[PDB]
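Reviewing the structure listed below.
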Amino acid sequence: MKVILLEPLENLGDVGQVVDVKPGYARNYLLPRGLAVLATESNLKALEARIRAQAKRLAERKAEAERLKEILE
RNA sequence: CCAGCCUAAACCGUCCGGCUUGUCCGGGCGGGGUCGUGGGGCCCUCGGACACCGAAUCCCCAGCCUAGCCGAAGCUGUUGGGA
Ligand SMILES: [Mg+2]
Ligand SMILES: [Mg+2]
Ligand SMILES: [Mg+2]
Ligand SMILES: [Mg+2]
Ligand SMILES: [Mg+2]
Ligand SMILES: [Mg+2]
Ligand SMILES: [Mg+2]
Ligand SMILES: [Mg+2]
Ligand SMILES: [Mg+2]
Ligand SMILES: [Mg+2]
Ligand SMILES: [Mg+2]
Ligand SMILES: [Mg+2]
Ligand SMILES: [Mg+2]
Ligand SMILES: [Mg+2]
Ligand SMILES: [Mg+2]
Ligand SMILES: [Mg+2]
Ligand SMILES: [Mg+2]
Ligand SMILES: [Mg+2]
Ligand SMILES: [Mg+2]
């Protein structure tokens, strides 16, 4: 199953990564112990938000320190 | 015998809570949509209100069921216990 781990996992990977693992492992350990979440079409969408949001969030914080770069120099 | 309709989804709006506050996620309500000569959504150009079609829902009556009522024309003999 496709899941989205919200935790630095050893064999799996870092947070926010999407990796397919054996059902039982996620169904009876990851998902239950809150290490990951079933990567449904609903969650993948809510992940595009965390990506795009923080993206233009720092992309705009650098686009603002872009004005101070032009003038303070 | 006779007859065809409603919805899910896209898409727009709202109220609620969840949470990593986000152009989001889900839930409930409303609008939209309903088809095979393919249809619908959103974006453009246009004439439609006063156009027409119209119930399987509601309303009035007719009619009918549950009691009834009117309804023509004869009398004398005669056998017989009795016409
Ligand atoms: Mg959904
Ligand atoms: Mg959605
Ligand atoms: Mg509806
Ligand atoms: Mg929806
Ligand atoms: Mg929804
Ligand atoms: Mg909603
Ligand atoms: Mg739904
Ligand atoms: Mg519903
Ligand atoms: Mg409707
Ligand atoms: Mg429309
Ligand atoms: Mg409709
Ligand atoms: Mg239409
Ligand atoms: Mg059909
Ligand atoms: Mg089409
Ligand atoms: Mg009519
Ligand atoms: Mg009546
Ligand atoms: Mg009567
Ligand atoms: Mg007599
Ligand atoms: Mg007599």
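Mapping to the deposited numbering: the first sequence position 55 is 55, numbers consecutive. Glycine residues also receive a C-beta, built at the ideal position from the N, C-alpha and C atoms.
#### Entry: Through-space distance from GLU48 to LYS56, alpha-carbon basis
12 Å
### Query
Roughly how many angstroms lie between the CA atoms of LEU44 and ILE4, to the nearest whole one?
8 Å
### Query
What is the DSSP secondary structure of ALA36, reduced to helix, strand or coil?
strand
### Query
Below 8 Å between beta carbons: does that hold for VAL15 and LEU6?
yes
### Message
Helix, strand or coil for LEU5? Go by DSSP, reduced to three states.
### Response
strand
### Message
I'd like the span of the alpha helix (DSSP H) that includes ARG57, first residue to last.
### Response
41–59
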